[PDB]
Structures are given as C-alpha cells and as structure tokens.
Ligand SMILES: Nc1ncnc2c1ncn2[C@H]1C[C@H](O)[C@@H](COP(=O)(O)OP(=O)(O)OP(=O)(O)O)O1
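The chain below stands alone, shown as structure tokens; this is the form solved without the named molecule.
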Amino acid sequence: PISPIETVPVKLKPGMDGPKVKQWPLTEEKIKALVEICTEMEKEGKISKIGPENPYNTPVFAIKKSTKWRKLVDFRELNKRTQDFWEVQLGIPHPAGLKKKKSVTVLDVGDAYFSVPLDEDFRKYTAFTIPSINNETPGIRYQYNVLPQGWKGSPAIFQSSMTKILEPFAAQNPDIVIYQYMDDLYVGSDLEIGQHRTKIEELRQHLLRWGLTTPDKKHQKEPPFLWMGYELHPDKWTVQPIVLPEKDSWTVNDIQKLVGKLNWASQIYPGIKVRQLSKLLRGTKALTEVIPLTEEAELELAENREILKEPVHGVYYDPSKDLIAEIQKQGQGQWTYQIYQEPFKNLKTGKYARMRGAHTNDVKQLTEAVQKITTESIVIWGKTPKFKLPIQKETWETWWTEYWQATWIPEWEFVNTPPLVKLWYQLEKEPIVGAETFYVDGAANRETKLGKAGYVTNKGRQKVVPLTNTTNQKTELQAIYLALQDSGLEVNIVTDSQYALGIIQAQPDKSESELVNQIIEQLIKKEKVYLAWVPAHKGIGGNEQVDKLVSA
C-alpha cells in the first residue's frame, strides 16, 4: 500500500553514515512474539524484508505490560546521526488565552506515527534484524516504510503531515477550532450540539481517508481533558489537583518538588508565596540532604495549605472586553497579581517575588512586576492589559524621572487598597545650610577583618567605633550609619566611598544586609539628608582628618 501522504525529505548529519549496531540475542518466546508482530506489520506495509546488501542495523527488543507483546526498537544511534528538525510543540498554549467554546471533543489518533510514510531514500538506515534461533541461520531483515516510534524526526514530520491533512478541512470549516498536540486532536466549536457532532464525524471520515483512525463517539473522552497538568472544561479551566505531602522530614528533593507544585498552583490560586521555602534551597545541591524547615517556612507552607483548601477555577478569554491586571504587595518583596475581564472570575493569577540584587525599593519591584505581566500578556492574549496599581501618580512620576535607567509605564489607574507603594525617604539635591557636616570614613584589615568606623564634624565632634568581622565596604557603611545615629534631623554626610554612595543614592527600602536595613531605618526617621562624595587622599578638608583617625 503506497501511502498518499507526501513524504518529507530527510538527510543524515554531514559526514555521518547510518547505524551499524549488532543485535543481541533474545529468548525464544521474545523472538516468536517478534516474528508474529512483524508479519502483521509487513502485511500492513509498515515494514519490508530487505536483501543482504543493506549493511546497517539497529537493535530490537520485546516486552509486554494486556496479553500482547510490544516491539521496541532502540533508535539512539540513528538519532545521533539524524539531521536536526524544526523544534516541535515547544510552547503549549496557556488555557487563560483560549476562548470559550460550547463543545470541545478530543480525538486520539490511534497508531499515528505508523500511518505517515517515511522518505524512501532514508528507509535503508532503519534496518533491523530478528535473530535466528541460536544464530545458526540468517536473521530476518526488515526496514521501515513509515515513521518509526522513537526516531528523532517522527514528531516533527507527523505534526507537519497532520497539518497538511487538516488544512482543507479547516478551510471549508472556518467555524471550527482545532489544536493538535502529539497524537491528540482537540476540536472546539460554538455550533449547536447536533451539528457539532456532525462536523466531528465529518472530520473523522476525512482523517480516515488518509489512514488516520480516531475513537468512535462511543470511546470519545468527555470533560474534563487532563492535559499538561491542567483540567479543561469548555467554559472553565484549572490545574490538576495539587497534593502537598505531610512529612516529618524534608530533603532538598522534597522541597524542590514542593516549590514546583506551589509555583504551578500560583497561576490560578491567588496569594501563593514561595519566598521562605525557596530560601532553604540557597547554595546547596545535595538531593538527599535533610534541611530543617525554618519558623517562617513553616508558616508560609501553612498559609499555602489554607489557600489550597478549596478549588478555584479560571475563566476563558473574551476578546470583546478589556484586559485588566491588578497587583498587590504581599511584603518581604513578594507581589501577586490577577488578570481578569470581569470581577469574581479571573483569567489567571501569578506572583513576582524576585529581588534583582541585594537591595531594591518597592517602586522598582512594582515596575518589574508590570514588566513581567506585560510580557506574559503579549504571549497569551497578543496585547497589553490595563493596569490597576497601588501607587499614586506623583509617587511613580518622581521615581521614573530621577531613576538612572530608562523605563516605560503603560496607562494605569490608582487603586487605593493598602498597603500603598510609597517613597519612604528622599535625599536632598543640595547641601543643607545650618545642618552639621559629618566627614565619615572607615577602614579594615583584610587579614584580621578588624575595622574602624568614625566621623569628624565641622562642630568639632569626633567618634570612632571598633568593628570585628568586617570589610572595608562594611566599615564605609557603618560610618554612614554612625553619622546618622549621632546627627540631628538634618545632616550633611561626606563619604569617600563610591560603593556606599551607589547603594544609598539608589534609595532602597529593602535589603538582604541587616546593616543596610538599619541605615534605611535611620534615613526614614531623618528630615533632610544630603550625601556628598569626594575622592580619598586628595587633601579634601574634613575627609583627610577622619581618614587619619580610623587608619591609625
């Protein structure tokens, strides 16, 4: 039987020849099962006996579960020599981007790969041998005429063949939506149920004329459609059931799986947090190493169990209505958002929790969250959503005007729901007259890590603090912290540290360093702070005085 499907031309990688692996012998009952299976495949034209001039071979095994044996060909060596193909189904649709349908049928293309022929010039490289008993007579030589299961090009070619077979049907029926995934077909429509079931039958018959069989209406699956970890109804979607185990002990493997399930659930279940649970995975990669759950991790997991206690579903996309995304701050640098078209029904949810570095502020993290949502929206719905954000316009406008990086802000609306995003402190742009001027400096030994941090002021006040287990960097930050502790509500501080200047001028309100947090606490309590910078060791007034004190 010549197949009417146009074969795709396939080449081997340049300079490579076909496989030449010899077949290991198998037991007598495996060989008898292989001869029976291959004779039925030969009748159906899927394989063909070959002469001795073919020098190639690929090993074949046999194994069972039903009461039937199954043939298994190990194409690993042929796959290494096969050309690369156009990457297949790498990105799957997100259900929040599908549109509602009245009826959706799934169709399992039975025996899919073996229904698509294989390039004639390439068939010689798929040769395999059933061994004769005791290796006393010549083995039975076969080669494939269709897409072999487990070959590198079978998924790409089959999907290509399937699309070419479907395109006349879709052209005649633009009122039908088809999505192919592996050997399944999801067919959705808004037709009245009677004529929808008629189009399904017309599709099955169309497929059948190319040798593609599909389940009868008898054995056609029904809601829901378990697909890629989702549960899909024609009018609603959700994730498959998430089961978080109760364990007396937790290893890195168990918590990596736990963060994964929690991440997966966060696309619909609002409020999922994973900051404290992901902190436990820092640095360590021993899969079996037991990690003790911290106090905050136990609470976070408890908070997630309460969220996951009862089901939540998501609605599908209505292109006729606006796209709205709203963000709320959870604290500890954690954010969650919802994308919806109408209240009480979400398209999807999600979170943004990443700190870019050691220090950030809330306005920057909010902008990064809006960016993450803008990218996600373009992928799913092909457009940008209207934003509702817990920030007042004056707060963002003063931030992105003075932020050293370029940024783009979409049209948005202020939602008054606390906690609001705010600028907790703002350094002065010009020095403060009548405010004391602190010349701060620090120094430390790179071996003993013993340090000093102090200041000299124009009023004659001087101070030095001893420091242990510190660096030149930390001392320069301790020096600014010192001058903030010992100054009034207005203060000029002059440092020589470009490092410390870059941190504080970034105006952070959150940090992974306890020291920086304490400096943030002081800057909030101040009224006016001016931070100035001079080069070290250039004869610059009060800087040379405080440099001599802490150097000693």
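Residue numbers here begin at 1 and follow the sequence given.
FYI, the form solved in complex with the named molecule isn't displayed, but the following is about it.
Participant: Does the named molecule come within 4.5 Å of any heavy atom of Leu366 in the entry with it bound?
Facilitator: Contact with the named molecule, no.
Participant: I'd like to know whether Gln149 contacts the named molecule in the entry with it bound, with contact meaning heavy atoms within 4.5 angstroms.
Facilitator: It does: once the named molecule is placed as it appears in the entry with it bound, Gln149 has a heavy atom within 4.5 Å of it.
Participant: Check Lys32 for me: does it contact the named molecule in the entry with it bound (non-hydrogen atoms, 4.5 angstroms)?
Facilitator: So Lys32 does not count as contacting the named molecule.
Participant: Is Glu201 close enough to touch the named molecule in the entry with it bound, meaning at least one heavy atom pair within 4.5 Å?
Facilitator: No, no contact at 4.5 Å.
Participant: If you check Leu450, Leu299, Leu72, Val252 against the named molecule in the entry with it bound, which one has a heavy atom within 4.5 Å?
Facilitator: Of the listed residues, the single hit is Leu72.
Participant: Quick one: of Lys65, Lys49, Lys43, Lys525, which gets a non-hydrogen atom within 4.5 angstroms of the named molecule in the entry with it bound?
Facilitator: Result of the distance check: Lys65.
Participant: Have a look at 105-113, 299-307, 118-126, 283-291 and name the one stretch with heavy atoms inside 4.5 Å of the named molecule in the entry with it bound.
Facilitator: Single hit among the candidates: 105-113.
Participant: Heavy atom within 4.5 Å of the named molecule in the entry with it bound: which residues of 195-219 qualify?
Facilitator: Residue within 4.5 Å: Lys218, and no other.
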